[PDB]
file run-v2.cif (mmCIF, N, CA, C and O atoms)
data_work
#
loop_
_atom_site.group_PDB
_atom_site.id
_atom_site.type_symbol
_atom_site.label_atom_id
_atom_site.label_comp_id
_atom_site.auth_asym_id
_atom_site.auth_seq_id
_atom_site.Cartn_x
_atom_site.Cartn_y
_atom_site.Cartn_z
ATOM 1 N N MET T 1 -2.194 11.184 12.390
ATOM 2 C CA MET T 1 -0.983 11.692 11.686
ATOM 3 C C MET T 1 -0.017 10.536 11.443
ATOM 4 O O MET T 1 0.734 10.148 12.343
ATOM 5 N N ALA T 2 -0.045 9.991 10.223
ATOM 6 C CA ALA T 2 0.832 8.875 9.864
ATOM 7 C C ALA T 2 1.852 9.296 8.819
ATOM 8 O O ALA T 2 1.477 9.658 7.702
ATOM 9 N N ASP T 3 3.140 9.188 9.166
ATOM 10 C CA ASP T 3 4.198 9.502 8.210
ATOM 11 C C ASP T 3 4.378 8.288 7.301
ATOM 12 O O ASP T 3 3.736 7.262 7.527
ATOM 13 N N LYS T 4 5.225 8.400 6.273
ATOM 14 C CA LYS T 4 5.422 7.296 5.333
ATOM 15 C C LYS T 4 5.738 6.000 6.081
ATOM 16 O O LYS T 4 5.216 4.935 5.729
ATOM 17 N N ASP T 5 6.547 6.099 7.135
ATOM 18 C CA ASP T 5 6.863 4.924 7.947
ATOM 19 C C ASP T 5 5.565 4.383 8.553
ATOM 20 O O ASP T 5 5.317 3.169 8.566
ATOM 21 N N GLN T 6 4.729 5.311 9.026
ATOM 22 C CA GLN T 6 3.447 4.970 9.605
ATOM 23 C C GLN T 6 2.535 4.391 8.531
ATOM 24 O O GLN T 6 1.767 3.494 8.825
ATOM 25 N N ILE T 7 2.652 4.868 7.267
ATOM 26 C CA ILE T 7 1.864 4.325 6.182
ATOM 27 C C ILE T 7 2.166 2.845 6.111
ATOM 28 O O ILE T 7 1.281 2.097 5.873
ATOM 29 N N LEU T 8 3.410 2.436 6.353
ATOM 30 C CA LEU T 8 3.726 1.009 6.358
ATOM 31 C C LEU T 8 3.150 0.323 7.569
ATOM 32 O O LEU T 8 2.829 -0.839 7.468
ATOM 33 N N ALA T 9 3.007 1.027 8.696
ATOM 34 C CA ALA T 9 2.402 0.408 9.884
ATOM 35 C C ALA T 9 0.896 0.216 9.630
ATOM 36 O O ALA T 9 0.315 -0.846 9.894
ATOM 37 N N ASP T 10 0.284 1.267 9.092
ATOM 38 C CA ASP T 10 -1.126 1.272 8.758
ATOM 39 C C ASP T 10 -1.394 0.329 7.570
ATOM 40 O O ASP T 10 -2.344 -0.457 7.585
ATOM 41 N N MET T 11 -0.499 0.380 6.580
ATOM 42 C CA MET T 11 -0.552 -0.495 5.400
ATOM 43 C C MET T 11 -0.225 -1.906 5.813
ATOM 44 O O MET T 11 -0.718 -2.833 5.233
ATOM 45 N N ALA T 12 0.602 -2.046 6.840
ATOM 46 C CA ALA T 12 0.980 -3.352 7.366
ATOM 47 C C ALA T 12 -0.295 -4.075 7.770
ATOM 48 O O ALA T 12 -0.456 -5.273 7.545
ATOM 49 N N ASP T 13 -1.196 -3.298 8.356
ATOM 50 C CA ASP T 13 -2.492 -3.807 8.798
ATOM 51 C C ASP T 13 -3.372 -4.196 7.618
ATOM 52 O O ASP T 13 -3.882 -5.302 7.576
ATOM 53 N N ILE T 14 -3.538 -3.270 6.671
ATOM 54 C CA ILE T 14 -4.364 -3.495 5.479
ATOM 55 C C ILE T 14 -3.798 -4.672 4.689
ATOM 56 O O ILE T 14 -4.525 -5.553 4.249
ATOM 57 N N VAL T 15 -2.493 -4.632 4.512
ATOM 58 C CA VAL T 15 -1.754 -5.635 3.780
ATOM 59 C C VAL T 15 -1.936 -6.988 4.470
ATOM 60 O O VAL T 15 -2.317 -7.964 3.832
ATOM 61 N N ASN T 16 -1.729 -7.004 5.786
ATOM 62 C CA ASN T 16 -1.942 -8.199 6.592
ATOM 63 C C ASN T 16 -3.439 -8.555 6.607
ATOM 64 O O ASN T 16 -3.826 -9.668 6.967
ATOM 65 N N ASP T 17 -4.284 -7.577 6.270
ATOM 66 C CA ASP T 17 -5.724 -7.782 6.275
ATOM 67 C C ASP T 17 -6.239 -8.342 4.945
ATOM 68 O O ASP T 17 -7.239 -9.065 4.921
ATOM 69 N N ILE T 18 -5.575 -7.978 3.845
ATOM 70 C CA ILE T 18 -5.996 -8.418 2.510
ATOM 71 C C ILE T 18 -5.122 -9.571 2.017
ATOM 72 O O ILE T 18 -5.633 -10.661 1.741
ATOM 73 N N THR T 19 -3.810 -9.334 1.929
ATOM 74 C CA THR T 19 -2.887 -10.372 1.492
ATOM 75 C C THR T 19 -2.407 -11.187 2.689
ATOM 76 O O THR T 19 -1.923 -12.309 2.524
ATOM 77 N N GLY T 20 -2.511 -10.598 3.889
ATOM 78 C CA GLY T 20 -2.046 -11.266 5.097
ATOM 79 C C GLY T 20 -0.523 -11.197 5.210
ATOM 80 O O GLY T 20 0.088 -11.940 5.982
ATOM 81 N N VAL T 21 0.072 -10.271 4.451
ATOM 82 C CA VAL T 21 1.501 -10.053 4.470
ATOM 83 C C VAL T 21 1.841 -9.375 5.812
ATOM 84 O O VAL T 21 1.067 -8.555 6.311
ATOM 85 N N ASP T 22 2.947 -9.812 6.436
ATOM 86 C CA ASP T 22 3.318 -9.347 7.769
ATOM 87 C C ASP T 22 3.685 -7.886 7.858
ATOM 88 O O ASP T 22 4.231 -7.293 6.928
ATOM 89 N N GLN T 23 3.418 -7.343 9.048
ATOM 90 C CA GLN T 23 3.747 -5.964 9.356
ATOM 91 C C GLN T 23 5.265 -5.794 9.211
ATOM 92 O O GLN T 23 5.763 -4.776 8.739
ATOM 93 N N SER T 24 5.968 -6.852 9.588
ATOM 94 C CA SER T 24 7.411 -6.935 9.477
ATOM 95 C C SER T 24 7.801 -7.052 8.008
ATOM 96 O O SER T 24 8.788 -6.467 7.557
ATOM 97 N N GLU T 25 7.013 -7.854 7.282
ATOM 98 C CA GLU T 25 7.251 -8.114 5.873
ATOM 99 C C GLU T 25 6.986 -6.906 4.978
ATOM 100 O O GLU T 25 7.396 -6.934 3.823
ATOM 101 N N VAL T 26 6.296 -5.868 5.481
ATOM 102 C CA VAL T 26 6.009 -4.688 4.646
ATOM 103 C C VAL T 26 7.101 -3.590 4.796
ATOM 104 O O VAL T 26 6.828 -2.488 5.282
ATOM 105 N N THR T 27 8.341 -3.891 4.356
ATOM 106 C CA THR T 27 9.441 -2.911 4.437
ATOM 107 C C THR T 27 9.402 -2.005 3.206
ATOM 108 O O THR T 27 8.696 -2.296 2.242
ATOM 109 N N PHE T 28 10.149 -0.902 3.262
ATOM 110 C CA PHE T 28 10.185 0.078 2.165
ATOM 111 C C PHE T 28 10.812 -0.470 0.867
ATOM 112 O O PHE T 28 10.836 0.238 -0.144
ATOM 113 N N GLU T 29 11.345 -1.698 0.902
ATOM 114 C CA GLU T 29 12.004 -2.280 -0.283
ATOM 115 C C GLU T 29 11.320 -3.533 -0.825
ATOM 116 O O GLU T 29 11.894 -4.207 -1.688
ATOM 117 N N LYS T 30 10.139 -3.864 -0.322
ATOM 118 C CA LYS T 30 9.457 -5.078 -0.790
ATOM 119 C C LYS T 30 8.526 -4.775 -1.939
ATOM 120 O O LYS T 30 7.600 -3.979 -1.790
ATOM 121 N N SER T 31 8.700 -5.479 -3.052
ATOM 122 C CA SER T 31 7.764 -5.322 -4.153
ATOM 123 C C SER T 31 6.396 -5.739 -3.638
ATOM 124 O O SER T 31 6.275 -6.804 -3.061
ATOM 125 N N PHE T 32 5.374 -4.928 -3.858
ATOM 126 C CA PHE T 32 4.044 -5.259 -3.424
ATOM 127 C C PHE T 32 3.661 -6.608 -4.018
ATOM 128 O O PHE T 32 3.261 -7.534 -3.315
ATOM 129 N N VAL T 33 3.748 -6.665 -5.340
ATOM 130 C CA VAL T 33 3.353 -7.837 -6.118
ATOM 131 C C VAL T 33 4.251 -9.058 -5.901
ATOM 132 O O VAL T 33 3.752 -10.170 -5.699
ATOM 133 N N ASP T 34 5.555 -8.857 -6.025
ATOM 134 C CA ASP T 34 6.509 -9.957 -5.926
ATOM 135 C C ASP T 34 6.912 -10.303 -4.501
ATOM 136 O O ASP T 34 7.063 -11.485 -4.175
ATOM 137 N N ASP T 35 7.123 -9.286 -3.667
ATOM 138 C CA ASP T 35 7.554 -9.524 -2.294
ATOM 139 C C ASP T 35 6.388 -9.546 -1.317
ATOM 140 O O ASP T 35 6.414 -10.324 -0.358
ATOM 141 N N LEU T 36 5.362 -8.714 -1.552
ATOM 142 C CA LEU T 36 4.205 -8.699 -0.656
ATOM 143 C C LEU T 36 3.044 -9.489 -1.285
ATOM 144 O O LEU T 36 1.896 -9.374 -0.861
ATOM 145 N N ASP T 37 3.377 -10.308 -2.299
ATOM 146 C CA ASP T 37 2.404 -11.153 -2.991
ATOM 147 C C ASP T 37 1.140 -10.372 -3.353
ATOM 148 O O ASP T 37 0.015 -10.827 -3.096
ATOM 149 N N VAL T 38 1.325 -9.189 -3.948
ATOM 150 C CA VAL T 38 0.173 -8.363 -4.328
ATOM 151 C C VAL T 38 -0.246 -8.609 -5.784
ATOM 152 O O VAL T 38 0.362 -8.092 -6.720
ATOM 153 N N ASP T 39 -1.355 -9.331 -5.953
ATOM 154 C CA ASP T 39 -1.909 -9.559 -7.281
ATOM 155 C C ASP T 39 -2.796 -8.364 -7.606
ATOM 156 O O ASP T 39 -2.860 -7.420 -6.806
ATOM 157 N N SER T 40 -3.479 -8.379 -8.751
ATOM 158 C CA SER T 40 -4.337 -7.247 -9.087
ATOM 159 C C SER T 40 -5.425 -7.089 -8.032
ATOM 160 O O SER T 40 -5.747 -5.973 -7.643
ATOM 161 N N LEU T 41 -5.980 -8.213 -7.564
ATOM 162 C CA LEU T 41 -7.022 -8.166 -6.539
ATOM 163 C C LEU T 41 -6.456 -7.620 -5.233
ATOM 164 O O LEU T 41 -7.131 -6.875 -4.536
ATOM 165 N N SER T 42 -5.229 -8.021 -4.897
ATOM 166 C CA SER T 42 -4.595 -7.577 -3.661
ATOM 167 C C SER T 42 -4.467 -6.071 -3.664
ATOM 168 O O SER T 42 -4.872 -5.415 -2.707
ATOM 169 N N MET T 43 -3.929 -5.526 -4.756
ATOM 170 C CA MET T 43 -3.786 -4.097 -4.875
ATOM 171 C C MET T 43 -5.157 -3.450 -4.980
ATOM 172 O O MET T 43 -5.361 -2.418 -4.404
ATOM 173 N N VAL T 44 -6.103 -4.071 -5.692
ATOM 174 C CA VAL T 44 -7.447 -3.493 -5.802
ATOM 175 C C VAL T 44 -8.069 -3.381 -4.409
ATOM 176 O O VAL T 44 -8.594 -2.326 -4.047
ATOM 177 N N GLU T 45 -7.986 -4.460 -3.634
ATOM 178 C CA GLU T 45 -8.530 -4.453 -2.279
ATOM 179 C C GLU T 45 -7.762 -3.459 -1.409
ATOM 180 O O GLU T 45 -8.356 -2.731 -0.608
ATOM 181 N N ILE T 46 -6.440 -3.428 -1.590
ATOM 182 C CA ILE T 46 -5.578 -2.504 -0.831
ATOM 183 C C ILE T 46 -5.893 -1.059 -1.189
ATOM 184 O O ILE T 46 -5.951 -0.221 -0.324
ATOM 185 N N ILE T 47 -6.103 -0.811 -2.458
ATOM 186 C CA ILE T 47 -6.443 0.501 -2.968
ATOM 187 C C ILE T 47 -7.764 0.947 -2.326
ATOM 188 O O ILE T 47 -7.925 2.113 -1.973
ATOM 189 N N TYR T 48 -8.692 -0.006 -2.171
ATOM 190 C CA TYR T 48 -9.980 0.265 -1.557
ATOM 191 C C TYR T 48 -9.775 0.625 -0.092
ATOM 192 O O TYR T 48 -10.296 1.636 0.376
ATOM 193 N N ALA T 49 -8.983 -0.199 0.608
ATOM 194 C CA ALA T 49 -8.675 0.043 2.019
ATOM 195 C C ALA T 49 -7.918 1.352 2.177
ATOM 196 O O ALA T 49 -8.130 2.078 3.124
ATOM 197 N N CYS T 50 -7.023 1.612 1.242
ATOM 198 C CA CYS T 50 -6.212 2.820 1.242
ATOM 199 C C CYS T 50 -7.065 4.066 1.010
ATOM 200 O O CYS T 50 -6.869 5.102 1.649
ATOM 201 N N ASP T 51 -8.006 3.942 0.081
ATOM 202 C CA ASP T 51 -8.912 5.034 -0.276
ATOM 203 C C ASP T 51 -9.806 5.413 0.900
ATOM 204 O O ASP T 51 -10.215 6.563 1.031
ATOM 205 N N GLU T 52 -10.133 4.426 1.728
ATOM 206 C CA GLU T 52 -11.012 4.649 2.879
ATOM 207 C C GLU T 52 -10.234 4.933 4.168
ATOM 208 O O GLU T 52 -10.550 5.875 4.899
ATOM 209 N N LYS T 53 -9.241 4.098 4.443
ATOM 210 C CA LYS T 53 -8.423 4.211 5.648
ATOM 211 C C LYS T 53 -7.533 5.456 5.612
ATOM 212 O O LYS T 53 -7.387 6.140 6.631
ATOM 213 N N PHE T 54 -6.935 5.743 4.449
ATOM 214 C CA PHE T 54 -6.048 6.921 4.324
ATOM 215 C C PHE T 54 -6.664 8.030 3.474
ATOM 216 O O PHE T 54 -6.056 9.098 3.336
ATOM 217 N N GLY T 55 -7.818 7.774 2.855
ATOM 218 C CA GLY T 55 -8.416 8.773 1.970
ATOM 219 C C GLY T 55 -7.564 8.891 0.698
ATOM 220 O O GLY T 55 -7.503 9.955 0.080
ATOM 221 N N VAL T 56 -6.881 7.787 0.338
ATOM 222 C CA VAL T 56 -5.998 7.772 -0.835
ATOM 223 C C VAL T 56 -6.612 6.940 -1.958
ATOM 224 O O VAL T 56 -6.532 5.707 -1.943
ATOM 225 N N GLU T 57 -7.195 7.621 -2.931
ATOM 226 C CA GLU T 57 -7.797 6.943 -4.068
ATOM 227 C C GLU T 57 -6.743 6.729 -5.150
ATOM 228 O O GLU T 57 -6.371 7.668 -5.855
ATOM 229 N N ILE T 58 -6.272 5.485 -5.274
ATOM 230 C CA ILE T 58 -5.264 5.137 -6.277
ATOM 231 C C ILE T 58 -5.949 4.842 -7.623
ATOM 232 O O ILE T 58 -6.473 3.740 -7.804
ATOM 233 N N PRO T 59 -5.894 5.757 -8.595
ATOM 234 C CA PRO T 59 -6.457 5.502 -9.943
ATOM 235 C C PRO T 59 -5.684 4.381 -10.596
ATOM 236 O O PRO T 59 -4.626 3.986 -10.105
ATOM 237 N N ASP T 60 -6.208 3.884 -11.697
ATOM 238 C CA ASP T 60 -5.550 2.801 -12.429
ATOM 239 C C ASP T 60 -4.094 3.182 -12.714
ATOM 240 O O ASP T 60 -3.206 2.326 -12.675
ATOM 241 N N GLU T 61 -3.862 4.474 -12.976
ATOM 242 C CA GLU T 61 -2.517 4.971 -13.238
ATOM 243 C C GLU T 61 -1.613 4.759 -12.021
ATOM 244 O O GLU T 61 -0.462 4.328 -12.161
ATOM 245 N N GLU T 62 -2.134 5.067 -10.824
ATOM 246 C CA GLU T 62 -1.343 4.895 -9.599
ATOM 247 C C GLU T 62 -1.188 3.436 -9.230
ATOM 248 O O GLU T 62 -0.122 3.026 -8.844
ATOM 249 N N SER T 63 -2.274 2.685 -9.301
ATOM 250 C CA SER T 63 -2.266 1.272 -8.921
ATOM 251 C C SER T 63 -1.211 0.502 -9.689
ATOM 252 O O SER T 63 -0.489 -0.313 -9.103
ATOM 253 N N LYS T 64 -1.104 0.771 -10.991
ATOM 254 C CA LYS T 64 -0.098 0.098 -11.802
ATOM 255 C C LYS T 64 1.292 0.634 -11.460
ATOM 256 O O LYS T 64 2.259 -0.126 -11.462
ATOM 257 N N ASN T 65 1.382 1.937 -11.123
ATOM 258 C CA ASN T 65 2.671 2.519 -10.725
ATOM 259 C C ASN T 65 3.112 1.894 -9.395
ATOM 260 O O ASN T 65 4.278 1.547 -9.206
ATOM 261 N N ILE T 66 2.140 1.743 -8.489
ATOM 262 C CA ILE T 66 2.343 1.155 -7.190
ATOM 263 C C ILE T 66 2.606 -0.343 -7.339
ATOM 264 O O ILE T 66 1.676 -1.156 -7.327
ATOM 265 N N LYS T 67 3.882 -0.688 -7.462
ATOM 266 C CA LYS T 67 4.299 -2.089 -7.592
ATOM 267 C C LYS T 67 5.244 -2.474 -6.465
ATOM 268 O O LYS T 67 5.423 -3.658 -6.188
ATOM 269 N N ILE T 68 5.822 -1.463 -5.802
ATOM 270 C CA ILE T 68 6.708 -1.686 -4.685
ATOM 271 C C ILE T 68 6.222 -0.821 -3.527
ATOM 272 O O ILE T 68 5.383 0.067 -3.715
ATOM 273 N N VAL T 69 6.731 -1.101 -2.346
ATOM 274 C CA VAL T 69 6.333 -0.365 -1.153
ATOM 275 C C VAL T 69 6.656 1.116 -1.325
ATOM 276 O O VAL T 69 5.883 1.967 -0.918
ATOM 277 N N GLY T 70 7.799 1.402 -1.922
ATOM 278 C CA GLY T 70 8.231 2.777 -2.124
ATOM 279 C C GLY T 70 7.176 3.596 -2.856
ATOM 280 O O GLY T 70 6.921 4.732 -2.477
ATOM 281 N N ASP T 71 6.564 3.020 -3.891
ATOM 282 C CA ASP T 71 5.534 3.731 -4.649
ATOM 283 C C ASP T 71 4.212 3.726 -3.904
ATOM 284 O O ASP T 71 3.557 4.765 -3.784
ATOM 285 N N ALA T 72 3.813 2.538 -3.428
ATOM 286 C CA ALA T 72 2.552 2.405 -2.722
ATOM 287 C C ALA T 72 2.530 3.319 -1.509
ATOM 288 O O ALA T 72 1.702 4.217 -1.417
ATOM 289 N N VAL T 73 3.442 3.053 -0.575
ATOM 290 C CA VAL T 73 3.524 3.787 0.655
ATOM 291 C C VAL T 73 3.782 5.269 0.427
ATOM 292 O O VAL T 73 3.132 6.088 1.075
ATOM 293 N N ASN T 74 4.706 5.622 -0.478
ATOM 294 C CA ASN T 74 4.977 7.050 -0.717
ATOM 295 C C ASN T 74 3.696 7.740 -1.179
ATOM 296 O O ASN T 74 3.405 8.867 -0.771
ATOM 297 N N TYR T 75 2.931 7.045 -2.020
ATOM 298 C CA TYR T 75 1.668 7.576 -2.515
ATOM 299 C C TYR T 75 0.683 7.764 -1.351
ATOM 300 O O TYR T 75 0.035 8.806 -1.222
ATOM 301 N N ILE T 76 0.573 6.742 -0.496
ATOM 302 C CA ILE T 76 -0.351 6.803 0.627
ATOM 303 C C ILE T 76 -0.010 8.001 1.511
ATOM 304 O O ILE T 76 -0.895 8.806 1.821
ATOM 305 N N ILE T 77 1.262 8.144 1.868
ATOM 306 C CA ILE T 77 1.688 9.291 2.665
ATOM 307 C C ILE T 77 1.539 10.599 1.875
ATOM 308 O O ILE T 77 1.485 11.681 2.466
ATOM 309 N N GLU T 78 1.489 10.489 0.545
ATOM 310 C CA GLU T 78 1.368 11.666 -0.309
ATOM 311 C C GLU T 78 0.101 12.418 0.039
ATOM 312 O O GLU T 78 0.109 13.648 0.158
ATOM 313 N N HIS T 79 -0.984 11.665 0.210
ATOM 314 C CA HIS T 79 -2.284 12.286 0.564
ATOM 315 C C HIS T 79 -2.518 12.210 2.071
ATOM 316 O O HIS T 79 -3.382 12.923 2.593
ATOM 317 N N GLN T 80 -1.750 11.357 2.773
ATOM 318 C CA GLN T 80 -1.916 11.238 4.222
ATOM 319 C C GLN T 80 -1.347 12.442 4.922
ATOM 320 O O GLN T 80 -0.546 13.194 4.360
ATOM 321 N N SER T 81 -1.760 12.591 6.168
ATOM 322 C CA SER T 81 -1.282 13.691 6.995
ATOM 323 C C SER T 81 -1.677 13.486 8.456
ATOM 324 O O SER T 81 -2.349 12.506 8.737
#
call {"tool": "encode", "arguments": {"input": "run-v2.cif", "output": "structure tokens"}}
result
Amino acid sequence: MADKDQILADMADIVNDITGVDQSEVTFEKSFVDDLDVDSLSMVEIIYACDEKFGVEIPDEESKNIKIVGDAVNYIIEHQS
């Protein structure tokens, strides 16, 4: 049971696992791309980890929407429970 805050703890891991961005560095206000250095591959890999780790399949529509933690994480918690 991971809440949106937990999505950042869990995402902190994935993020630190793919981009290596810090658990501390994954706040609710960091742009994935600009602040969490998330390139298309970073988000693609994250989307993969997210789809498996959280059961959250981010379609191209979501992946492009997911540019900041607020969108990414809110989406992850959207399907998380």
call {"tool": "resolve_selection", "arguments": {"input": "run-v2.cif", "expression": "the PyMOL selection byres (((chain T and resi 24 and name CA) around 12) and name CA)", "output": "compact mmCIF listing (two decimals) with N, CA, C and O atoms, in the coordinates of the input"}}
result
# COMPACT_ATOMS: atom_id res chain seq x y z
N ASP T 5 6.55 6.10 7.14
CA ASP T 5 6.86 4.92 7.95
C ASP T 5 5.56 4.38 8.55
O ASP T 5 5.32 3.17 8.57
N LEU T 8 3.41 2.44 6.35
CA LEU T 8 3.73 1.01 6.36
C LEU T 8 3.15 0.32 7.57
O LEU T 8 2.83 -0.84 7.47
N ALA T 9 3.01 1.03 8.70
CA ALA T 9 2.40 0.41 9.88
C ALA T 9 0.90 0.22 9.63
O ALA T 9 0.32 -0.85 9.89
N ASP T 10 0.28 1.27 9.09
CA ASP T 10 -1.13 1.27 8.76
C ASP T 10 -1.39 0.33 7.57
O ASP T 10 -2.34 -0.46 7.58
N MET T 11 -0.50 0.38 6.58
CA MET T 11 -0.55 -0.50 5.40
C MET T 11 -0.22 -1.91 5.81
O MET T 11 -0.72 -2.83 5.23
N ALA T 12 0.60 -2.05 6.84
CA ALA T 12 0.98 -3.35 7.37
C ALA T 12 -0.30 -4.08 7.77
O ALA T 12 -0.46 -5.27 7.54
N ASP T 13 -1.20 -3.30 8.36
CA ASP T 13 -2.49 -3.81 8.80
C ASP T 13 -3.37 -4.20 7.62
O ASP T 13 -3.88 -5.30 7.58
N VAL T 15 -2.49 -4.63 4.51
CA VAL T 15 -1.75 -5.64 3.78
C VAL T 15 -1.94 -6.99 4.47
O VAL T 15 -2.32 -7.96 3.83
N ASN T 16 -1.73 -7.00 5.79
CA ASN T 16 -1.94 -8.20 6.59
C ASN T 16 -3.44 -8.56 6.61
O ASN T 16 -3.83 -9.67 6.97
N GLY T 20 -2.51 -10.60 3.89
CA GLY T 20 -2.05 -11.27 5.10
C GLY T 20 -0.52 -11.20 5.21
O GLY T 20 0.09 -11.94 5.98
N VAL T 21 0.07 -10.27 4.45
CA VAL T 21 1.50 -10.05 4.47
C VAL T 21 1.84 -9.38 5.81
O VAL T 21 1.07 -8.56 6.31
N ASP T 22 2.95 -9.81 6.44
CA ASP T 22 3.32 -9.35 7.77
C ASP T 22 3.68 -7.89 7.86
O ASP T 22 4.23 -7.29 6.93
N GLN T 23 3.42 -7.34 9.05
CA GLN T 23 3.75 -5.96 9.36
C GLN T 23 5.26 -5.79 9.21
O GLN T 23 5.76 -4.78 8.74
N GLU T 25 7.01 -7.85 7.28
CA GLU T 25 7.25 -8.11 5.87
C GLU T 25 6.99 -6.91 4.98
O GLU T 25 7.40 -6.93 3.82
N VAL T 26 6.30 -5.87 5.48
CA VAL T 26 6.01 -4.69 4.65
C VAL T 26 7.10 -3.59 4.80
O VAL T 26 6.83 -2.49 5.28
N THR T 27 8.34 -3.89 4.36
CA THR T 27 9.44 -2.91 4.44
C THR T 27 9.40 -2.00 3.21
O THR T 27 8.70 -2.30 2.24
N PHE T 28 10.15 -0.90 3.26
CA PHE T 28 10.18 0.08 2.16
C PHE T 28 10.81 -0.47 0.87
O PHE T 28 10.84 0.24 -0.14
N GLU T 29 11.34 -1.70 0.90
CA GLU T 29 12.00 -2.28 -0.28
C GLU T 29 11.32 -3.53 -0.82
O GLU T 29 11.89 -4.21 -1.69
N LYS T 30 10.14 -3.86 -0.32
CA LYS T 30 9.46 -5.08 -0.79
C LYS T 30 8.53 -4.78 -1.94
O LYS T 30 7.60 -3.98 -1.79
N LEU T 36 5.36 -8.71 -1.55
CA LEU T 36 4.20 -8.70 -0.66
C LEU T 36 3.04 -9.49 -1.28
O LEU T 36 1.90 -9.37 -0.86
call {"tool": "axis_aligned_box", "arguments": {"input": "run-v2.cif", "around": "segment 20-31 of chain T", "padding_each_side": "3 Å", "output": "AutoDock Vina command-line options"}}
result
--center_x 4.7 --center_y -5.9 --center_z 2.7 --size_x 20.5 --size_y 18.2 --size_z 19.7
call {"tool": "select_by_dssp", "arguments": {"input": "run-v2.cif", "residues": "segment 4-75 of chain T", "states": "helix (DSSP H, G or I)", "output": "JSON, numbers by chain"}}
result
{"T": [4, 5, 6, 7, 8, 9, 10, 11, 12, 13, 14, 15, 16, 17, 18, 40, 41, 42, 43, 44, 45, 46, 47, 48, 49, 50, 51, 52, 53, 60, 61, 62, 63, 64, 65, 69, 70, 71, 72, 73, 74, 75]}
call {"tool": "resolve_selection", "arguments": {"input": "run-v2.cif", "expression": "the PyMOL selection byres ((chain T and resi 38-47) around 7)", "output": "MDAnalysis selection string"}}
result
chainID T and resid 14:15 18:19 31:37 48:53 56:58 63 66:67
call {"tool": "atom_distance", "arguments": {"input": "run-v2.cif", "atom1": "atom CA of residue 1 of chain T", "atom2": "atom CA of residue 62 of chain T"}}
result
22.3 Å
call {"tool": "closest_residue", "arguments": {"input": "run-v2.cif", "among": "T:3, T:17, T:65, T:60", "to": "residue 80 of chain T", "atoms": "all atoms listed in the file"}}
result
T:3
call {"tool": "atom_distance", "arguments": {"input": "run-v2.cif", "atom1": "atom C of residue 6 of chain T", "atom2": "atom O of residue 70 of chain T"}}
result
11.9 Å
call {"tool": "atom_distance", "arguments": {"input": "run-v2.cif", "atom1": "atom C of residue 68 of chain T", "atom2": "atom N of residue 54 of chain T"}}
result
16.7 Å
call {"tool": "decode", "arguments": {"input": "run-v2.cif", "residues": "segment 30-56 of chain T", "atoms": "C-alpha atoms", "output": "JSON list (two decimals), in the first residue's frame"}}
result
[["chain", "number", "residue", "atom", "x", "y", "z"],
["T", 30, "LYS", "CA", 10.93, 18.36, -9.45],
["T", 31, "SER", "CA", 10.51, 18.22, -13.20],
["T", 32, "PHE", "CA", 11.23, 14.63, -14.17],
["T", 33, "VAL", "CA", 13.06, 15.72, -17.31],
["T", 34, "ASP", "CA", 14.63, 18.98, -16.14],
["T", 35, "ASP", "CA", 15.04, 18.39, -12.41],
["T", 36, "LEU", "CA", 15.22, 14.58, -12.28],
["T", 37, "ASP", "CA", 17.20, 14.52, -15.56],
["T", 38, "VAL", "CA", 14.54, 12.34, -17.21],
["T", 39, "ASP", "CA", 15.20, 11.95, -20.94],
["T", 40, "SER", "CA", 12.89, 9.91, -23.18],
["T", 41, "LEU", "CA", 14.87, 6.77, -22.27],
["T", 42, "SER", "CA", 14.71, 7.66, -18.57],
["T", 43, "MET", "CA", 10.95, 7.96, -18.66],
["T", 44, "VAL", "CA", 10.70, 4.92, -20.97],
["T", 45, "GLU", "CA", 12.73, 2.84, -18.51],
["T", 46, "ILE", "CA", 10.81, 4.40, -15.59],
["T", 47, "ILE", "CA", 7.51, 3.69, -17.31],
["T", 48, "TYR", "CA", 8.67, 0.07, -17.66],
["T", 49, "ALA", "CA", 9.64, -0.10, -13.97],
["T", 50, "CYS", "CA", 6.41, 1.68, -13.08],
["T", 51, "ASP", "CA", 4.32, -0.69, -15.20],
["T", 52, "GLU", "CA", 5.87, -3.68, -13.41],
["T", 53, "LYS", "CA", 6.63, -2.34, -9.92],
["T", 54, "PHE", "CA", 3.33, -0.42, -9.56],
["T", 55, "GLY", "CA", 1.30, -2.08, -12.34],
["T", 56, "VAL", "CA", 1.11, 1.40, -13.93]]
